């Protein structure tokens, strides 16, 4: 409707297996440009599937989904492709010195890059350096956030991070660096929900809560 509405779901139901259990049932939300939507809920609630729908990997059986522009997705499982740290961050996107430095900093990769003699030109892989789980999760988040997009779909990017690093990156990256970007963050932490403009709590594909942090706290 309005140019400032980034993503809308109206009366959305969807199925992974035709004739089976709906993975999402009667979903409704509207996200304005620059807002942070937190998507909470237990294992199997339909959180990753909700992102998949936005990405066109799962079409709804009913209802309407609309999103403006380009998406950048961060998978709940971190990954790399054999190559340099720098290529693992920027591949497929033009180099921009400032953005690059700001992303490395916000994702706490500055320190790790400085330990190598080849710095961000260090080759990742069996035959080079093997990143730890934590390093791989930070580089996967940096890859997603570096890309210029109208909508960032961050699927539990801190699931494999320690809580001290998670707090720092949630604050420096998701809240500060990305302050005016449209973000859908899959997280069930109260520490994160506190900062969201809107919250969707999914339970077995259904919307158990949709509203502000004040409305949630009141419940």
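Residue numbers count along the first chain shown, from 1.
Just going by the entry, 15-23 versus 192-200 on mean CA temperature factor gives the higher value to 15-23. The mean C-alpha temperature factor is higher for 27-35 when 27-35 and 147-155 are set side by side. Highest CA B-factor among 181, 64, 70, 47, as stated in the entry: 64. The deposited CA B-factor of residue 116 belongs to the highest third of values across its chain. In this PDB entry, residue 83 carries a Cα temperature factor that places it within the middle third of its chain's modelled residues. Sort the chain's modelled residues by C-alpha temperature factor and residue 51 lands in the lowest third, per the entry. Compared with the other modelled residues of the chain, the Cα B-factor recorded for residue 165 ranks in the lowest third. Compared with the other modelled residues of the chain, the Cα B-factor recorded for residue 108 ranks in the highest third.
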